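Notes to accompany the following structure.
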């Protein structure tokens, strides 16, 4: 009609405005100064084989209350999570044993409920007389505190379908009974609640409730009717034995973590001392270009620690960013007040996060996760496990094993930044692979955004983006002038964007990383 | 001398998609400007609100039109109909038809079948610009035939207008018109300097208008087309 | 009509444009920097005598769960696959014993099912009363976990044909029951499903399902009717004894691998210690111009290792690219945690892939598959089998047998790059045949593309393509100036394209390959 | 002024009065007419 | 004013009105828009 604006204006009188160009102002939002940690573990509460999200204010309830050291070896990952959350949120994957079962309540046409239990990861088959089944997907085995489900009659909708109110409440062993969640659902395929949302039972429970799930029998859903049932009881749930777990479960969990559609920059090996799982997590590091902080069993003597590092499998050239730790010391637990021993992955990641939070523009990735200002270990009544033994500094450095020590003021610290690389070059220090991987991730983002453009735009865009990013890093201070300013010029970074064929745009950037200060030597002199 | 965007049945598995492209018949050397697509995904319809599946020809043409509307003087014909800023697919609740299968990237590229993917931000996009040409030269990319066909159509118009004139007018007119058009294209940016400025000079286009007999006015123009950026590789280095 | 454009314009007024020439811009797409590995083996799950495809994310399910060392000698190929996948995907061929049988369910007109089992590789004959038969082509013997098939009535199509829903679900021994696949199929020859695809049972199952296959009886298919059968059960499947396998099965498997229509550049001898099979794989190398990494039984003493290499049959002049390894050491398994011994083919190929992934333009084929930065062996608790014995370095080098050693830092490495060539020239090193074969494969591609052209185009095209490729290699660094720059010039490569008769275009290229650094000698001196 | 002030000078009009024979006075005038504004196109841009 | 006053001048807007053919009056204007303040960060320091 009128007031309309065209854009082509071909061989005819008129006026047209072209769409806004906005191609010389293409930025890239990656937010390099952000770090998240991902790990697998064994816990008390949570949905098995599904990626979770833990923050500083919900881990206690999403992952359940902390376990007990006297139960077995399952008390490690919760403490690792507690020590690692201190800085940033993260993603965890819970792995359960084979015989873990969750409760199920199945109804019928008359409405008399029945109870059962089913192993995790299995769907439900409905018997002839079963109308619909409700089960719990929070992962809790419903043994302590118990959980009760109540059905109440409610007013029908405008159309005429009967909607009933569902109320699930938890009861502790002491006697405290608090409501937990409530809903208004119906078996009609199209009925709506008061607020207008869909109130069909399966989709309603799946969408608006994070505790329950339900299934229905299509044949019997037409004539199904629900009575008034008060104070039901889930039963049969069982977490099983968590002391022992087959390597298949750990492999499945790490595969799920691999396929998780999230972003994280640390693959913390949360209290999982299994060679296959550690190798898989190293594969995750190598694939995603991130950092890993694994740790050997912290109950081995200094003699057996060295062969265990070779056993764990990352010693080679493929995994150049994964560090291995060892902390053979005892400590007093924060919660249960007992003598427990656990690893150092959480503290290593806390050191790395403290380092990465120093710079604000691009984030400081060039700070090593060691020292006395960024890697202090906070425990209670540290009592060495083997006071009669002594470290093997030279053997440890040759075997790529970071070691703890006692810094100034008497607090234990981490005093090495060595990776799993065996080659003796710049790559075996910790900070260099992290910085290079940050640059590579930014490049992948930029090139993915800039793919499929003509060469005229592509060359200028790539050059501008890379020059800006590397200038930001140099101003931050992660790159310095080359050691020998005679052969390889005098610039911190050298950039070269070239065309190899019709479409082979090749970018080569060479950077000079900063030098850590690991060995300091003083030579006093006297002047005649 | 135009462009075609055809598409195979979007209910075939990735295994049967490849022989169907050979079946459909354009695989050869005569049809160098026709693209073939394949979109095995489900979607929620806009009008009836149901589960339907259909093709990708409309979205491919929308991408081509978005590309051609960039330049205003001569229109940008050198923009490939793929990427994350010109070929996004707008649907509702895209649910893959065969989640258990996987594409065959190398086989697809050898068989000249454009494939969909998931770009940044999570919207499905078209991520190829391959035509039905089997020969491995500059002609199997999508933008080159379109640009050459635009130039050829303009030439046909000009020569049809300028037919039946004496040679004195004809030579000057042909040279002026072609020089102006190719200069417009170079200023637009669809032609760049040759890859090797040692043998084939250093000009984007070379024009030659000649007389072969009493009336055989022959025009030969050679152009260097732009280079798409399909594969990008980064090689980090460390300096001692 | 109008707007049409002609191309001939012969002796008539008009205007025409010739089709685009595009002959001086002919490239060649071969992607030299890509390597895939092909091998035969014995596994638990998979379709027998059919080429497969294994990547880093599906081998566990396509090839089934890993076997058990206590079962016998069938535990080798899975571990070899696991060690070789780390770098690149590949193709495998499963060979089964003679008495392996797969289950079959045959129906009838009334619908009462019957069960049976048939040996692999055999078609099915239908009895008079049998309407149609369904069987499993995944290769699994359906013993653990069990597999159940369910038939459900569904709504007829628009035409009127009756379509039923097929649901196959797996049940583990513990009790976990998960659905596996579902379809909507019918016995009508033309009925269509909701989405519009063909729903005839045989073609539908063959095309859209990778687990099941079916056959029908033409005579009884017209009057055939299907009832509602719930929770059927496959039975009779048996993988047989995989400890012993006749050489005929291995020969058939390698023949299938030969006729496979795929591309691969390594013919890894996955845990198959049979002379006939090894000779056939050497034939595959000599035919396709690729590389092979075979390995003798890793339980022979150093005295018997040497005659076994002559026994295995590749010692000659035809197989100049196949290497033979020997790894007489024990190790601790990753999965079952036991004492097992297996070969070195996987690690050898991992070294070769690490070498080939260095250069990005053409790929580095000139890196030998040995050293301390590219061939480290990652195992757990390596304990030598025969600590009292000693290697025979001179005898091993004369007999063309690569030997393991202990490099720096204490990790075992591969310390030789000798092939099976007996002649003492440049051909017995490992990197030279690989580089020459890469060049030859590129030449075959180029000449196949450029065949049947006139000489004017042909000479220029061949010269340009070969000059560009060899310049790319020289810039990569795989060719250096000749050792003696007095007789054979001073250029890395010499090219000569000539015509011998009307059509005998002959291309001769001579290259000077790089020199590996195998023996390093230092001679200190003192100056008066 | 002419559109391209490189070949056809830079004057709006060129006049030439000549004699061809005893009486064939020939006047040739070449003018550059103004350009109407029929199609107007605007191309907005953004500056980094 | 533009963010980088080294390449793209120092004026907020650049306007160019040109003639392409007899009647193709083409107007190209490039402007530098203001910067919203969405993320604000403070970095305290101590001076020796």
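Cβ: placed from backbone, ideal geometry, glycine included. Neighbour counts: every protein chain shown. Read-outs: derived from the displayed coordinates by stated rules, not from any lab.
Considering only segment A:380-437, how many residues are touching a residue at least 60 places away in the same chain (Cβ under 8 Å), assigned to a loop (DSSP other than H, G, I, E, B), within 14 Å of another protein chain (Cβ to nearest Cβ) and closer than 24 Å to residue A:266 by Cα?
Here the count works out to 7.
Given (1) out of contact with any strand residue (DSSP E or B) (no Cβ under 9 Å at 6 or more places or on another chain); (2) in a helix (DSSP H, G or I); (3) within 14 Å of chain B (Cβ to nearest Cβ), identify the lone condition not met by residue A:482.
(2)
Per-residue answers, yes or no, for (1) surrounded by 16 or more Cβ atoms within 10 Å (Cβ to Cβ); (2) closer than 24 Å to residue C:413 by Cβ; (3) facing chain C (nearest Cβ under 10 Å); (4) in contact (Cβ under 8 Å) with a residue 40 or more places away in the chain:
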{"site": "A:262", "(1), (2), (3), (4)": "no, no, no, yes"}
{"site": "A:295", "(1), (2), (3), (4)": "yes, no, no, yes"}
{"site": "A:309", "(1), (2), (3), (4)": "yes, yes, no, yes"}
{"site": "A:334", "(1), (2), (3), (4)": "no, no, no, yes"}
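When you scan segment B:136-143, do you find a residue that is assigned to a loop (DSSP other than H, G, I, E, B), touching a helix residue (DSSP H, G or I) at 6+ places or on another chain (Cβ under 8 Å), within 14 Å of chain C (Cβ to nearest Cβ) and farther than 18 Å from residue B:210 by Cα, even just one? Break it down stepwise before answering.
Within segment B:136-143, the subset assigned to a loop (DSSP other than H, G, I, E, B) is B:136-137, B:142.
After this cut, where a residue has to be touching a helix residue (DSSP H, G or I) at 6+ places or on another chain (Cβ under 8 Å) as well, the list is B:136.
With within 14 Å of chain C (Cβ to nearest Cβ) added as a condition, the list becomes B:136.
Next cut, farther than 18 Å from residue B:210 by Cα only: B:136.
Yes: segment B:136-143 contains one or more residues that are assigned to a loop (DSSP other than H, G, I, E, B), touching a helix residue (DSSP H, G or I) at 6+ places or on another chain (Cβ under 8 Å), within 14 Å of chain C (Cβ to nearest Cβ) and farther than 18 Å from residue B:210 by Cα.
Could you count how many residues in segment B:85-101 are more than 12 Å from chain A (Cβ to nearest Cβ), out of contact with any helix residue (DSSP H, G or I) (no Cβ under 7 Å at 6 or more places or on another chain) and part of a loop (DSSP other than H, G, I, E, B)?
Total meeting the criteria: 9.
Within segment B:56-84, work out how many residues are surrounded by fewer than 19 Cβ atoms within 10 Å (Cβ to Cβ) and not in a helix (DSSP H, G or I).
5
Would segment A:478-498 turn up any residue that is within 31 Å of the chain's Cα centre (by Cα) and over 30 Å from residue B:190 (Cβ atoms)?
Checking segment A:478-498: at least one residue is within 31 Å of the chain's Cα centre (by Cα) and over 30 Å from residue B:190 (Cβ atoms).
Evaluate the following for residue A:518: is it surrounded by fewer than 18 Cβ atoms within 10 Å (Cβ to Cβ), touching a residue at least 24 places away in the same chain (Cβ under 8 Å) and under 30 Å from residue B:229 (Cα atoms)?
So residue A:518 does not fit the description; no.
Just to be sure I understand, how many residues within segment B:201-230 are more than 14 Å from chain A (Cβ to nearest Cβ), in a loop (DSSP other than H, G, I, E, B) and under 21 Å from residue B:147 (Cα atoms)?
Of the residues in that region, 2 qualify.
Looking only at segment C:18-41, filter to residues that are in contact with a strand residue (DSSP E or B) (Cβ under 7 Å, 6 or more places away or on another chain) and surrounded by 20 or more Cβ atoms within 10 Å (Cβ to Cβ); which one of those is farthest from the other protein chains (Cβ to nearest Cβ)? Lay out the reasoning, then the answer.
If we filter segment C:18-41 for residues that are in contact with a strand residue (DSSP E or B) (Cβ under 7 Å, 6 or more places away or on another chain), which is where we start, we get C:35-41.
Pick out the ones that are also surrounded by 20 or more Cβ atoms within 10 Å (Cβ to Cβ) and you get C:35, C:37-41.
Values: C:35: 13, C:37: 16, C:38: 15, C:39: 20, C:40: 23, C:41: 21 Å.
Taking the candidates together, the pick is C:40.
Counting only residues that are part of a loop (DSSP other than H, G, I, E, B) and closer than 17 Å to residue A:17 by Cβ, how many does segment E:1-22 have?
The qualifying residues number 1.
Yes or no: residue B:179 touching a residue at least 40 places away in the same chain (Cβ under 8 Å) and surrounded by fewer than 15 Cβ atoms within 10 Å (Cβ to Cβ)?
Here the answer is no, as residue B:179 does not meet what is asked.
How many residues are outside any loop (DSSP other than H, G, I, E, B) and either more than 9 Å from chain D (Cβ to nearest Cβ) or under 46 Å from the mean Cα position of the chain (by Cα) (or both) if we restrict to segment A:1-17?
1
Restricted to segment C:345-369, and to residues that are in a loop (DSSP other than H, G, I, E, B), closer than 22 Å to residue A:421 by Cβ and touching a residue at least 60 places away in the same chain (Cβ under 8 Å), which residue is nearest to the other protein chains (Cβ to nearest Cβ)?
C:360
So, residue C:440, is that one assigned to a helix (DSSP H, G or I), more than 14 Å from chain A (Cβ to nearest Cβ) and surrounded by fewer than 21 Cβ atoms within 10 Å (Cβ to Cβ) or not?
Yes, satisfied.
Starting from residues that are assigned to a loop (DSSP other than H, G, I, E, B) and within 11 Å of the chain's Cα centre (by Cα), keep the ones in segment D:23-48 and report whichever is farthest from the other protein chains (Cβ to nearest Cβ).
D:32
Go through segment B:101-150 and count every residue that is free of Cβ contacts under 8 Å to residues at least 40 places away in the same chain, surrounded by fewer than 16 Cβ atoms within 10 Å (Cβ to Cβ) and in contact with a strand residue (DSSP E or B) (Cβ under 8 Å, 6 or more places away or on another chain).
3
Out of (1) more than 30 Å from residue B:45 (Cα to Cα); (2) within 14 Å of chain A (Cβ to nearest Cβ); (3) within 34 Å of the chain's Cα centre (by Cα); (4) part of a strand (DSSP E or B), what's the single condition that is false for residue C:182?
Exception for residue C:182: condition (1).
Name the residue that is nearest to residue A:355 (Cα to Cα), counting only residues in segment A:456-465 that are buried (at least 19 other Cβ atoms within 10 Å of the Cβ) and either out of contact with any helix residue (DSSP H, G or I) (no Cβ under 8 Å at 6 or more places or on another chain) or within 9 Å of chain B (Cβ to nearest Cβ) (or both).
A:462
Looking at segment C:241-248, is at least one residue touching a strand residue (DSSP E or B) at 6+ places or on another chain (Cβ under 8 Å) and crowded, with 17+ Cβ neighbours inside 10 Å?
Checked against the condition, which is being touching a strand residue (DSSP E or B) at 6+ places or on another chain (Cβ under 8 Å) and crowded, with 17+ Cβ neighbours inside 10 Å, segment C:241-248 yields no hits at all.
Consider residue C:167 carefully, then state whether it is in contact with a strand residue (DSSP E or B) (Cβ under 6 Å, 6 or more places away or on another chain) and free of Cβ contacts under 8 Å to residues at least 24 places away in the same chain.
yes
Scan segment A:485-500 for residues that are in a loop (DSSP other than H, G, I, E, B) and at the interface with chain B (Cβ under 8 Å from one of its Cβ atoms) and jot them down.
A:488, A:499
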